[PDB]
Every structure is written in structure tokens, then in C-alpha cells.
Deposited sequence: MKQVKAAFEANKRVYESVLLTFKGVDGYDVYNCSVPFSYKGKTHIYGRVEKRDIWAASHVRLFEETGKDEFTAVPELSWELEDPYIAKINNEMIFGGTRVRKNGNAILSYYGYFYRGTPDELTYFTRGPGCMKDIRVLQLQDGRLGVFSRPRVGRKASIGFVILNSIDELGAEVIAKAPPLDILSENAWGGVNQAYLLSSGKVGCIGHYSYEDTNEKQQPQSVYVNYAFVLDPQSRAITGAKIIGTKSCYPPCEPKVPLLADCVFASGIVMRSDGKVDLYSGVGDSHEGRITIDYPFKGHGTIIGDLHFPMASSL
């Protein structure tokens, strides 16, 4: 990518840190959910795995206990990779990758961050499936067939979410390379702000943003918003992923900037402070603050 080289040359980063995680000594923590809030505290789900082994993750819930410091909450876990969250009608829709290696699936749970109940899943051998609540209240769904396209279909509600409709979602004009939506946002324009990953063959993963018009299905404001060099130095899982970052999501800041959270090198979780990435397409509507 000439775009990547331009980005590296032109990047605009105001703060750059690696999260510190406690209560999981011995493990890597990476490809987190976007942070969220519950019972008065900032929380995050993380993918917890030993650095020297593959496909051996579980998910933990972490509570903020200091600036960019997160402590695991005792005795809660999920048998998944790459956790991800959304708010639909005042509740959490939590998901992760479930691995059988025979097969894998996007698994979906609903409830409170404390009480999540499995309810549905995507098609076999598909991951990187994401949702949000649209302006009019229906459900936007993003799919990710790879064997790669990013697809999108509007459904009536979470009750219609399942493997078939997911699979048949028509493609969007976004991606020999691949990628995914990691966190979708509703914008005051009615349009959809996505934060995700753009990937190509080093397996290069950069943090990526674009805006979707859920009706015309037009794609705008596409851009690189982060790379590996944006975050402090750290060893990847393997050398091959020395130029890999896998988006978690953004958090709106009161000074008008955003904090971008990302998996780093498949071994750490980073946060960089960057300019609002959906400039000109409106402000973000709603939040990831969950009622108990």
C-alpha cells in the first residue's frame, strides 16, 4: 500500500500507550472488545491466550482499576476468541469466535455484561460478523465471508439474526486482500461509522475506518487510522505479525478526539488518541453504557 506508506508519513497521534492487564499473569491479552461502562466503571473484554500457542484462547471480563489499567473479574469466562459488543435496545449483544480445528462460528449472547445468554450464531467457517442499531431502530448487520468480502444487510431485529440471513448478506464495495468491521457506530446523519481492519499480503493489518450509507450502500471517507508503529513497541505473537493491528473500537472523548483501542501484534492491546474519523458525516449517537 502506497496509502499505508503515506499514512506512516502523515500519521497524527496525540497519545500512545499499551494497556496493562492484571490477574492474568503468564498470558497475553489482545483483540479486546471496545471498552464499555457498567455499574459505574469502565470495563473491557479481552482475548486471553498463551503467547506460544495458537487457537487456545478464552475470554475474560476486565474492570478498569487505573489509567489504561484493567483487572480481570474473578470467575467469569467464555470459550471464545476476539470478543465484541454492541448495544441494541438497552442491552448488550456480546459475541465472540467459537472454535470446534474442524470449524468456527460467530456466537451471539444477549443480556447484561454480567448475565449473557447464548441466543444465535453465524454460518460455519465465518467470523468478523458485527451489528448495530440503526437510526430507525432496526438492525444493521455486517458479514465477512473469507475463503474475502464485507457484506451488509438490514434486518428487522435481533430475533432474525442467524446463519442463513448472515450468509446471504450482499457484499459492499470495500475490499487479494481482506478485512472486517470490528465496531459499528450510528451517526447523527443516519449513516454508519465503521471501525475495522484492512489486511493484505508479513501479514499487514491496519486500523481502518469508513462510512456506510445503509440505504444507498455507498462507501465514503475510507481511511487508515492506525498501524503498529502508532502504538508503543512490543513483540508480536510471531514475527509475521510485526505489522499487524486489529481494531477493537473507538471511544468518544470530551475534548472532541477519540481513543482508538486495538489489538497489537496479536499479543497486546493498545490505545492511541486520534482525530475524529467520521468528520463531516455527523456525530456518534448513543453509547456503550449499560444499565444494570
Coverage holes, deposited numbering, ordered by position, sit at 1, 102-106, 154-156, 185-186, 213-220, 312-315
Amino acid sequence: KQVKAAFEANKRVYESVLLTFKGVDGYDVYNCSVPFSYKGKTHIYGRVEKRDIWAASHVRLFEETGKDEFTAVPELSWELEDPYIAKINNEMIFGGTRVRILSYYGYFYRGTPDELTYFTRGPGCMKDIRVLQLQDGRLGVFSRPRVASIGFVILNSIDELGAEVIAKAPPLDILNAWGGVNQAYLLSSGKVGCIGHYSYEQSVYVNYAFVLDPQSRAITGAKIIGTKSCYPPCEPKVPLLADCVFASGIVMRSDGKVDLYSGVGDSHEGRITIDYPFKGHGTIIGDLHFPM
From here on, numbers count along this sequence of modelled residues.
Stretch with higher mean Cα temperature factor, 28-36 vs 59-67, is 59-67
The stretch whose C-alpha atoms carry the larger average B-factor in the entry, 256-264 or 239-247, is 239-247
The residue of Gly280, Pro277, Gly270, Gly23 with the maximal C-alpha B-factor according to the PDB record is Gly280
Per the deposited entry, the peak Cα B-factor within the set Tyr118, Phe210, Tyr84, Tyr185 goes to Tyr118
For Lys1, the third of its chain by CA B-factor is the highest
By the entry's values, the third containing the CA B factor of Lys127 is the highest
Of the three thirds of Cα B-factor ranks in this chain, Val141 occupies the lowest
For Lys50, the third of its chain by CA B-factor is the middle
Of the three thirds of Cα B-factor ranks in this chain, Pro113 occupies the highest
